[PDB]
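Encoded as structure tokens, the following chain is the form deposited in one PDB entry, with no partner shown.
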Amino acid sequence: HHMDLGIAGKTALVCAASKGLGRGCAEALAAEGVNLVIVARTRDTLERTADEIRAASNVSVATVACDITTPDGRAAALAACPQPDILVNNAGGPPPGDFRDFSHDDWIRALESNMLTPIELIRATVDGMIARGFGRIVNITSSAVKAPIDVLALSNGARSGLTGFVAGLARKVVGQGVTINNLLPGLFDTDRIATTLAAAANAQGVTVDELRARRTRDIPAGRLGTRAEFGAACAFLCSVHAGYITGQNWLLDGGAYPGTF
């Protein structure tokens, strides 16, 4: 009698889910019987990922290729999934830089991608969850929310704004059967991280294996995270066993962040 998360037959809208942590979340939810609508910008990769999840599990996997940060792209995703039980917010962050070089429009784009679009997706779906007495909102943010990185001012700001908004709203809807929680990944072994690592490796003159050992040395767990274990945490939060858990900021970083809290 293994752990039954109790969400088979529910529906999840999973953002930026063709690769990486979003993909890991979709895979974990489908493995528990959750039907999916998965969103990304690029058609080809999104379709292959859907084909793989569909073949591995026994659920439907619809796809929306769109830019969810625009009004018409957001409407496209919501038309494909108008009444989700589960919403996984997720978006790429802006490139590193010095805030002296960021325009006003740079700040707006970052706030739209990593704060206002998540809030609008919650806005559009939360009343249906309330009416049905069940909802699970999981926002993929970053361990930078706990310890902001110097060169990531844009996502430091935008994701911290989402986190403060979530803290207020989570307490408002939990009594109606809807939880809202944030997952804060540290460094995870995704294709994006790998091709990023290969960028700074050829730049810093080091090998790719050498620079990987350096970033690992700063992780007490001595490894990167995997998209499977991240998806597993997402699935548990979405379960019928987690309805007393809301407004939480779960750090999945192998202990790298040094704070007591």
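The numbering used is simple: start at 1 and walk along the sequence shown.
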Legend entry - Between 185-193 and 126-134 (mean CA B-factor, as deposited), the higher: 185-193
Inset, instruction - On mean C-alpha B-factor from the PDB entry, just flag whether 217-225 or 22-30 is the higher one. - result: 217-225
Legend entry - Maximum C-alpha temperature factor, selected from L154, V173, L121, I149: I149
Inset, instruction - Name the residue from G161, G177, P96, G168 with the greatest C-alpha temperature factor listed in the entry. - result: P96
Inset, instruction - Would you mind ranking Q83 by its C-alpha B-factor against the rest of the chain and naming the third, lowest, middle or highest? - result: middle
Legend entry - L111 - Cα temperature factor, lowest/middle/highest third of chain: lowest
Legend entry - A77 by Cα B-factor - lowest, middle or highest third of the modelled chain: lowest
Inset, instruction - Would you please rank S103 by its C-alpha temperature factor against the other modelled residues of its chain and give the third it falls in: lowest, middle or highest? - result: highest
Inset, instruction - Relative to the other modelled residues of the same chain, rank the CA B-factor of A200 and answer lowest, middle or highest third. - result: highest
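Form deposited with a small molecule bound: not shown, discussed below.
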Legend entry - Contact assignment for the small molecule in the deposited complex, among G177, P95, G92, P148, heavy atom within 4.5 Å: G92
Inset, instruction - State the residue from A62, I193, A221, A199 whose non-hydrogen atoms include one within 4.5 Å of the small molecule in the deposited complex. - result: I193
Legend entry - Close approach of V126 to the small molecule in the deposited complex, 4.5 Å, heavy atom: no
Legend entry - Distance check, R41 to the small molecule in the deposited complex, heavy atom within 4.5 Å: yes
Legend entry - 4.5 Å heavy atom contact, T141 to the small molecule in the deposited complex: yes
Inset, instruction - Would you please decide whether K19 lies within 4.5 angstroms of the small molecule in the deposited complex, comparing each non-hydrogen atom pair? - result: yes
Inset, instruction - Within 4.5 Å of the small molecule in the deposited complex, counting heavy atoms only, one of 41-49, 25-33, 232-240, 208-216 shows up; tell me which. - result: 41-49
